[PDB]
Amino acid sequence: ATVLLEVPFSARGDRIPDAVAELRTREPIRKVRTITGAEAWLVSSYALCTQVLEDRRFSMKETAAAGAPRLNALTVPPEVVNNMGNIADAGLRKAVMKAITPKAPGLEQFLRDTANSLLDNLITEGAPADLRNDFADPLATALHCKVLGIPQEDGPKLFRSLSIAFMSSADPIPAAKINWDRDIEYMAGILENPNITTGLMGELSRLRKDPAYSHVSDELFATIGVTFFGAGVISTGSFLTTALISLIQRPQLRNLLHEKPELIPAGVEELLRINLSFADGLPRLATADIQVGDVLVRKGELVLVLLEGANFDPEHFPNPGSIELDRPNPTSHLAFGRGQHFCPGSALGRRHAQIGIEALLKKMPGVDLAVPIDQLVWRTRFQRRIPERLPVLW
Ligand code: HEM
Ligand SMILES: NC(=O)c1cc(Cl)ccc1N
């Protein structure tokens, strides 16, 4: 006899388990068990992932309901799961999004300079270098500090909350509350800080004093800075790191982008499509009985949308395991989600990786793993799959 199939299948972000294809072919929606012991539906075909993400009756908000089947424990106050709905209601949606485009003046030059300088330093210290801790993460952290308008020097302390903040835990994490509360006081201080006038926090400080926002709470303003810092640094640093590994593992692809750097955008778009950085399916709670393939999902039940199920579905991406820079549907992957909660930092996520890859390829054209790929240590019980250290030589 066997327990119900458990998720996640594997912390490894350098290979998709064979089980995913088997599941997608035989059972594109099946019952699994999460780390909390709750039952959920795993959706692993493009068509069904797309359906669940586009049907708002599969609610993100409701996952936070007391007594709901859970993927993992909340690392935030329950009202913060409705973050984007709260931002929408307070009239802050247009302002938040305009503040987080890679289109801001001199932001790209900032990324480029920062990536180059992180890289010059690696080269000066000599190989082996750690591309996660000493390149991709400081790059992400530096980008979000610039973007928020906060001092660069504050980034590493805020960054160190993230190994806890993005845990995927069966149980509540005392440390997450500590960090959350601390980082919220930090962001509040920043709203009251007369020198913080640029980026997202500079803008939020203005709107805060505007009579049109007089009834928006201080908690929400601080929450926006903590959440956008955390979600963004975690997501871009994780993505970049594992996209480097895929790049490294493909010297032919790396050559091509080195010769023809104008293909880098088309490359990152494939790197996003194939990325395994999201460790768990996207959770949603059925607010009604909804047919999904052969299964009638009952109101109250948890549904997990498996992003690599969609992104490696051969019915939508032929030869899905393969990076092809000339697919006719290149950006239709679900790497940023789909429908109501589509990632608001997608343009920023894209530029960060394009530039980080671009600079890496110029400075380190012979970049290569300095250990066998199996030696990478994968972070467990975490909402991203990342190698703890990315040791490389060049
Ligand atoms: C390449 C980097 C990134 C990847 C792969 C990525 C992935 C995603 C995905 C798949 C979702 C949808 C989650 C869901 O529907 O449950 C999402 C939502 C979100 N992301 Fe991004 N993301 C990235 C960069 C960013 C950046 C740069 C920011 C902002 C600085 C950001 C902040 C958010 C926030 C606040 C949400 C919630 C959207 C909502 O609830 O309506 N992430 N991220
Ligand atoms: N800074 C934090 O501790 C934190 C950040 C996010 Cl984005 C989510 C949960 C957290 N505890």
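> Describe the site of ligand 2, with residues and values.
Among the 13 residues in the neighbourhood of ligand 2, the closest are listed as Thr-75, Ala-176, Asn-179, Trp-180 and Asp-183. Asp-183 has a polar side-chain atom sitting 2.8 Å from a nitrogen atom of ligand 2. When ligand 2 sits alone it has 310 Å² of accessible area, and the protein chains cover 95% of it. For the shell around ligand 2, the secondary-structure elements that each account for two or more residues are α9 (174-191) and α11 (218-248). Looking at the shell around ligand 2 residue by residue, the classes come out as seven nonpolar, five polar and one charged.

> Please set out the pattern of salt bridges residue by residue, giving values where relevant.
By the definition in use, this model includes 21 salt bridges. For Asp-137, the salt bridge is made with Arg-132, and the minimal N-O distance between the two is 2.6 Å. By the burial criterion, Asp-137 is buried, and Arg-132 matches it. Salt-bridge contacts for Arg-379 lead to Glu-388; the nearest nitrogen and oxygen are separated by 2.7 Å. Shared partners join several salt bridges into a network, and the residues in it are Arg-132, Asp-137, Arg-379 and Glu-388.

> Break down the coordination of the iron atom of ligand 1 for me, citing the residues and quoting the values.
There is one protein donor for the iron atom of ligand 1, and it is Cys-343 (SG), at 2.3 Å. Mapped onto the elements of the fold, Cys-343 is located in the loop between α14 (307-311) and α15 (346-363).

> Talk me through the environment of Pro-320; I want residue IDs and the actual numbers.
Inspection of the secondary structure assignment puts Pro-320 in the loop between α14 and α15. Residues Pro-320 and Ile-274, spaced 46 residues apart in sequence, show a C-alpha to C-alpha distance of 7.9 Å. Ignoring sequence-local partners within four residues, the contact set of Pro-320 consists of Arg-273, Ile-274, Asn-311, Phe-312, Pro-314 and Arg-327.

> Requested: an account of the site of ligand 1, with residues and values cited.
Around ligand 1, the surrounding shell holds 22 residues, and the nearest of these are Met-60, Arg-284, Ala-335, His-341 and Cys-343. Contact distances for ligand 1 include 3.0 Å between an oxygen atom and a side-chain N or O atom of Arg-284. Interatomic distance of 2.9 Å between a side-chain N/O atom of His-341 and an oxygen atom of ligand 1. For the shell around ligand 1, the elements supplying multiple residues, two or more each, are α11, β5 (282-286) and α15. Among the elements that take part in the shell around ligand 1, α11 stands out by supplying six residues, more than any other. A breakdown of the residues in the shell around ligand 1 according to their chemical character gives 13 nonpolar, eight polar and one charged.

> Help me get a handle on the packing of α9 against α11, residues and values and all.
Relative orientation of the contacting elements α9 and α11 amounts to 110°, with a least axis distance of 8 Å. When the axes of α9 and α11 are compared, the pair comes out roughly perpendicular. Between α9 and α11 lies a crossing whose hand is right-handed. Seen from α9, the contacting residues are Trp-180, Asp-183, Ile-184, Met-187, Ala-188 and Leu-191; seen from α11, they are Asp-218, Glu-219, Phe-221, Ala-222, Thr-223, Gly-225, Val-226, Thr-227 and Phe-229. Of the residues contributing to the contact of α9 with α11, the split by class is nine nonpolar, three polar and three charged.

> So what's going on with helix α13 (residues 264-273)? Residues and values would help.
Burial within α13 is extensive, with eight of its ten residues counted as buried. Taken together, the buried positions of α13 are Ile-264, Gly-267, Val-268, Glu-269, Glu-270, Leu-271, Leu-272 and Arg-273. Of the surrounding elements, those touching the buried residues of α13 are α11, α12 (251-259), α14 and α15.

The rules we used
Residues numbered from 1 in each chain as written, not as in the entry; some residues may be left out. Chains lettered and ligands numbered in written order. Heavy atoms only, no water. Residues with missing side-chain atoms left out of burial classes, pairs and counts. Near = heavy atom within 4 Å. Polar contact = N/O pair within 3.5 Å; in protein donor to acceptor, adjacent residues only side chain to side chain. Areas by Shrake-Rupley, 256 points an atom, 1.4 Å probe, with all protein chains shown as cover. Helix = DSSP H or I, 4+ residues; strand = E, 2+ residues; numbered from the N terminus. Nonpolar A, V, L, I, M, F, W, Y, C, P; charged D, E, K, R; others polar. Salt bridge = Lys/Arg side-chain N within 4 Å of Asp/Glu carboxyl O. Buried < 20%, exposed > 50% of the residue type's maximum accessible area, 1.4 Å probe, protein only. Donors = N, O, S within 2.8 Å, 3.2 Å for Na, K, Ca; no water. Contact = heavy atoms within 4.5 Å. Axes fitted to C-alpha atoms, helices over the stretch in contact; angles between N-to-C directions. Parallel < 35°, antiparallel > 145°, perpendicular 65-115°, else oblique. Left-handed = near helix turned anticlockwise from the far one by under 90°.

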